[PDB]
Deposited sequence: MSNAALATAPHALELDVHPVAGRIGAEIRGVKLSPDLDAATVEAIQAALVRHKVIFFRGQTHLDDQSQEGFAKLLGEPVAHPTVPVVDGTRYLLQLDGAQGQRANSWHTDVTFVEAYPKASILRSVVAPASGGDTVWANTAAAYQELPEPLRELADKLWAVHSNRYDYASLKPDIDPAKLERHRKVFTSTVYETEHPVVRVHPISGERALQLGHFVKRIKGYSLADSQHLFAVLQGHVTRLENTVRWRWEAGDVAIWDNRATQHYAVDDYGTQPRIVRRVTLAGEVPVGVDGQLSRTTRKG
C-alpha cells in the first residue's frame, strides 16, 4: 500500500494526502502510516475537520497505547493553550512517549508554527570520531522531582537508526565537569537544531501532526502574541531506550 506522501523539507517531514483519520482505518492504512512516521519522523494530515476529541483518541489507539487534567468526554486527550524550547517529550522519565498526535483546533492567523528536528539525521552527520564519542556518553535528564540517565545515542527499536537523545531536559553529561558538559552538549545539540535537520509547519485548523518522539525534538514558536492557539494532543506510551552497547536507561531519583 502506497500513501500519497509529499515530503516537506529535504531531511524530515511529509504531508500525507487522501487519508481521513479515524478509529476505523484498516490495517494496511495504519501500517503505511507507521512506516511513513518512522521514515519521515513527523507526518502531517490536513483538513481533518471531522476529527473530534473522541475520534482523535480512537485513532490514536490504533498506533499505540495512550498515556493518562483531560478534555471532557475523553480519558487521554489533553489541551494546550508555551513550549518555545527544543526538547524531546518527557525525557526525564525512563520510558518516555514514542509519539504524539496533535490536532489544531484554533490556529493564529499569523505565527504559531511548530518546528521538528531529526535527531537521527543529526547523529549521522557527525564526523566518525564524534559519533564514537557520542556512542559512549550518558546524560542526566531532569524536570527541575524526576531524574533519569539516558544514553546520548538511542538505537531506534523499529528501524535500528541511531539518534541523539538530548534537548531541554538534559541537566548534564555524566562524568564531565559542568564546563565540559556544556561544550559537549552545545556541539551535539547544535547538530540537532541545524536548519537542514528541521521542518517548520504553519498550522491551519484541522491539521494533525504525528511525530516519532524517539528520533525528534520539537519547538513551538512563541511569536503570535494574544492570538488564540488551541491544540489537542494524545501521547502514546514508549519503551525504555537502549544504547549502542545494549545498556538501558534508568531512573535515579523518584
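Residues of the deposited sequence with no modelled C-alpha atom fall in the ranges 1 to 12, 81 to 84, 98 to 102, 166 to 190, 301.
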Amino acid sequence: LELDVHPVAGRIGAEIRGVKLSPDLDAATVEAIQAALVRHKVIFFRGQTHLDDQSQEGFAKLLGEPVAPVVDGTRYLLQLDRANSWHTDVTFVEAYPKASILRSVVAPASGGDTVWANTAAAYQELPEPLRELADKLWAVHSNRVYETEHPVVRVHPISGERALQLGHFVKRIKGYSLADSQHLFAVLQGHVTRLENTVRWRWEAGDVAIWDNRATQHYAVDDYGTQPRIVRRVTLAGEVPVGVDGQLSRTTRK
From here on, numbers count along this sequence of modelled residues.
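Of the other entries compared for this protein that flank it with modelled residues, all give atoms for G225, so not even a third lack it. Compared against other deposited entries of this protein, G64 counts as consistently modelled, with coordinates in all of those that resolve the residues around it and thus below the third mark.
Comparing 25 to 33 with 197 to 205, the stretch with the higher mean C-alpha B-factor in the PDB entry is 25 to 33. Looking at mean Cα B-factors across 115 to 123 and 133 to 141, the upper value is held by 133 to 141. Per the PDB entry, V71 shows the highest C-alpha temperature factor of the residues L184, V106, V152, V71. Of the candidates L164, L102, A99, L77, the deposited coordinates give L77 the top C-alpha B factor. Among all modelled residues in this chain, the alpha-carbon of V5 has a temperature factor (C-alpha) in the middle third.
Per the PDB record, residue ranking by Cα B-factor puts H50 in the highest third of the chain. Residue-level temperature factors show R11 in the lowest third of its chain, judged at the C-alpha atom.
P66: CA B factor lies in the highest third for its chain, per the PDB record.
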